[PDB]
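This document opens with one chain alone, in structure tokens, the form deposited in one PDB entry.
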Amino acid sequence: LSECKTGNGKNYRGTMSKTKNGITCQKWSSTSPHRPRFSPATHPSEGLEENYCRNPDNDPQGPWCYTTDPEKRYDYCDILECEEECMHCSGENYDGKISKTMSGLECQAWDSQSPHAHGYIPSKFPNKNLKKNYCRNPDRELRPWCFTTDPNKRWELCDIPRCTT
């Protein structure tokens, strides 16, 4: 479900399946080219599925996997950490905490219909993480935006900093 991690990623269940140097992960269920110490059979509650980066051993450096490079047993994956400071690109995956618009109006909460009735119902689009009243880009807008608490302005883009100047 969530393709980001919090903390050391013990509960990460995303679908990253490469390491941080781009090597495809080995399947946890496979014993070539590496024989795993952590496998679905031995550690069934750690979500060790396909070849997805996981943290079944509470490694302080986060999620990892056995690699398909015979000469490298395992390596850490490069996974996006949850929330923000900033947005990549146009904010398609922006899950940060800014909740006011360009003009400074406080956003209306996604799960509210006041002062603006709308169709962006969280339960309709759970994958879009329309959480509280945070700016989001569920629908390929220029940038994350929200509905506003100003009855006279239905919606407005937000001012989300770019991770790249």
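All residue numbers refer to positions in the sequence shown, first residue = 1.
Engineer: Using the temperature factors of the C-alpha atoms in this entry, rank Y120 within its chain: lowest, middle or highest third.
Structural biologist: Lowest third, going by the recorded CA B-factors of the chain.
Engineer: Would you check the entry's CA temperature factor for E46 and let me know if it's in the chain's lowest, middle or highest third?
Structural biologist: It falls in the top third of the chain.
Engineer: For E81, return the chain-relative third of its C-alpha B-factor as stated in the PDB record: lowest, middle or highest.
Structural biologist: Its C-alpha B-factor, which the entry lists for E81, ranks in the lowest third among residues of this chain.
Engineer: What third of its chain's C-alpha B-factors does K153 belong to: lowest, middle or highest?
Structural biologist: As the PDB entry reports it, the C-alpha B-factor of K153 lands in the middle third of its chain.
Engineer: Using the B-factors in the PDB entry, rank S32's C-alpha atom against the chain and give the third, lowest, middle or highest.
Structural biologist: Top third by C-alpha B-factor.
Omitted from view is the form deposited in another entry, to which the following refers.
Engineer: Two rigid parts rotate relative to each other between the shown form and the other one; which of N127, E83, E106, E50 lies at the hinge?
Structural biologist: Between the rigid parts, the switch point is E83.
Engineer: Relative to what we see here, could you say if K124 and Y52 have their Cα atoms closer or farther apart in that other deposited form, with a change of 3 Å or more?
Structural biologist: It is closer: in that other deposited form, the C-alpha atoms of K124 and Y52 lie at least 3 Å nearer than they do here.
Engineer: Kindly indicate if, in that other deposited form, the C-alpha atoms of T19 and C86 are closer or farther apart than in the structure shown, bearing in mind the change is 3 Å or more.
Structural biologist: More distant in that other deposited form, by 3 Å or more.
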